[PDB]
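Single chain ahead, by itself, as structure tokens, in the form deposited in one PDB entry.
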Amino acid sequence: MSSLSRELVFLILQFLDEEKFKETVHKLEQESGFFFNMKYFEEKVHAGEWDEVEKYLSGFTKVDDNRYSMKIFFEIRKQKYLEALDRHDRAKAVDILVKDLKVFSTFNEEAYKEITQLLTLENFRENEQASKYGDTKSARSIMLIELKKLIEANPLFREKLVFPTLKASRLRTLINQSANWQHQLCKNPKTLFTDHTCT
């Protein structure tokens, strides 16, 4: 992709936001990977929308890309696990443990064991290391603080956290400039689909 084409994506991101095509905005952010929307990410973490959180992240990094990315996915999936335990859904917890968390076992065998053993407690706060889990809301906020620091320090997000400053409706402005150009060819002085003409 050209630098031109990349900039055009940013102009479109701005346009879509101004037109309040909100889901389209975040899909384009994700598929192009040119811009990671922190506020959007924070929103989804607070709402516990873990599926969308990972889907969004997937446009920017894989779990094993580097150590920051690994800890990011580990923290998210671990919170997902603990929340399952908290609602007494041990069936879901084990599912999460095997499908989402097992990839981390290689990197730290004994931590995975420690986390596995939480399954068998009446309340996993009986483990002193997990006695710090307060409620869902507070534990998400605490974790989010850590997630932000990991993302901001993650080299794969290096130039993707600040939106280019531009004047409002920059795309619309360029379009109007093209219309003026189309007219600056016409003697004797419609649509965007085909050029404007005069006799």
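Numbering starts at 1 and runs along the sequence shown.
Counting the unmodelled positions of the deposited sequence between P189 and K190 gives a gap of 4 to 9 residues. Stretches compared: 75-83, 101-109. Higher mean C-alpha B-factor in the entry: 101-109. For the pair 38-46 and 126-134, the record assigns the higher mean C-alpha temperature factor to 126-134. Per the deposited record, the Cα B-factor of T165 falls in the highest third when ranked against the other modelled residues of its chain.
Below, we turn to the form deposited with a partner chain bound, even though it does not appear here.
Although the partner is absent here, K137 is not a contact residue: none of its heavy atoms lies within 4.5 angstroms of the partner chain in the deposited complex. In the deposited complex, at least one heavy atom of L150 sits within 4.5 Å of a heavy atom of the partner chain. The partner chain in the deposited complex is approached by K71, whose closest heavy atom lies within 4.5 angstroms of it. For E146, a non-hydrogen atom is located within 4.5 Å of the partner chain in the deposited complex, even though that partner is not displayed. Contact annotation for the candidate site: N37, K39 and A47 all lie away from the partner chain in the deposited complex (no heavy atom within 4.5 Å).
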